[PDB]
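Working through the structure, step by step
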Amino acid sequence: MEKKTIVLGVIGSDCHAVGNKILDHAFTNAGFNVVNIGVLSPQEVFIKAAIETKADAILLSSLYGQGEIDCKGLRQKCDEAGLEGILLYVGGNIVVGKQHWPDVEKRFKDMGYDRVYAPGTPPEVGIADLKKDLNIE
């Protein structure tokens with residue numbers, strides 16, 4: 001028996017000396033096995049980093065980086081991995097707006113798992129959401 005094993009790649013948030021809505025009730029205020037792995041690097045190196053980050057959740061809170069984010073980048077890895085419990089989520093970003101229309105990301109959303117949560121999403125963004133796609137893994 002164990003808790004979940006979620007991660008968020010690239011750069012998410014850490015309300016320590018930032019102050020956000022991430023540790024509201026859950027994310028890590030729950031007690032999950034959360035890792036916050038750094039920026040985008042080689043997907044073959046993120047594959048090795050997936051051995052460790054064999055996290056059923058990997059919300060790559062990407063601020064525009066890697067092959068169409070870690071969508072074409074790491075989800076292609078996820079595909080040629082096994083896409084077992086590994087749900088690929090996205091987030092972060094800056095100037096969005098066109099993140100509630102793109103039938104392309106939303107293509108890979110219903111086509112995989114690649115959902116996205118950027119500032120505008122609930123106070124427990126891709127948290128209760130990575131849990132959605134974990135409950136729809």
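Calculation rules
Residues numbered from 1 in each chain as written, not as in the entry; some residues may be left out. Heavy atoms only, no water. Pairing = 2+ DSSP bridges. Helix = DSSP H or I, 4+ residues; strand = E, 2+ residues; numbered from the N terminus. Axes fitted to C-alpha atoms, helices over the stretch in contact; angles between N-to-C directions. Core = buried A, V, L, I, M, F, W, Y, C linked by side-chain atoms within 4.5 Å. Buried < 20%, exposed > 50% of the residue type's maximum accessible area, 1.4 Å probe, protein only. Contact = heavy atoms within 4.5 Å. UniProt positions renumbered as here; feature names shortened; annotations may be inferred. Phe/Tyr/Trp six-rings, centres within 6.5 Å; stacked < 30°, edge-to-face > 60°.

So, about the sheet that holds strand β1 (residues 5-8). Spatially, five strands are ordered β2-β1-β3-β4-β5 in an open sheet, and the strand pairing comes out parallel. At either margin of the open sheet sits one strand with a lone partner, and together these are β2 (33-36) and β5 (115-117). Looking at each pair of strands side by side, their axes are set apart by 20 degrees on average, direction ignored. Alignment of strand β4 (residues 87-91) against β5, held across three bridges, turns out to be parallel. Bridge pairing in β5 places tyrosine 89 opposite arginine 115.

When a protein is soluble and globular, its nonpolar side chains tend to lie buried together. By size, the foremost hydrophobic cluster in this structure holds 30 residues, and its most contacted members are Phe46, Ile58, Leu60, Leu87, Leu88, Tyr89 and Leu130. Not counting residues within four places of it along the chain, the set of residues in contact with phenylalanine 46 comprises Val10, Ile37, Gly38, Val39, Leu40, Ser41, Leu60, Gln66, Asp70 and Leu74.

The residues that UniProt annotates with the feature "domain: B12-binding" are residues 3-137. This span, residues 3-137, is 20% helix and 15% strand, and a straight line between its end C-alpha atoms measures 16 Å.

The next thing to look at is the pairing of strand β3 (residues 57-60). Of the two faces of β3, the one holding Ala57 and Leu59 and the one holding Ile58 and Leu60 are both buried throughout. One ladder, built from four bridges, connects β3 with β4; its direction is parallel. Bridging across to β4, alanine 57 finds its partner in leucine 87.

For the rest of this paragraph, the subject is the packing of aromatic side chains. Per the counting criterion, the structure on display carries one aromatic pair. Ring centres 5.2 Å apart and planes at 25 degrees place the aromatic pair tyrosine 89 and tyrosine 117 in the stacked group. Taken together, the residues span a long stretch of sequence, with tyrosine 89 in strand β4 and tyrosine 117 in strand β5 at a distance of 28 residues. The exposure classification of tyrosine 89 matches that of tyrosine 117, with both residues buried.

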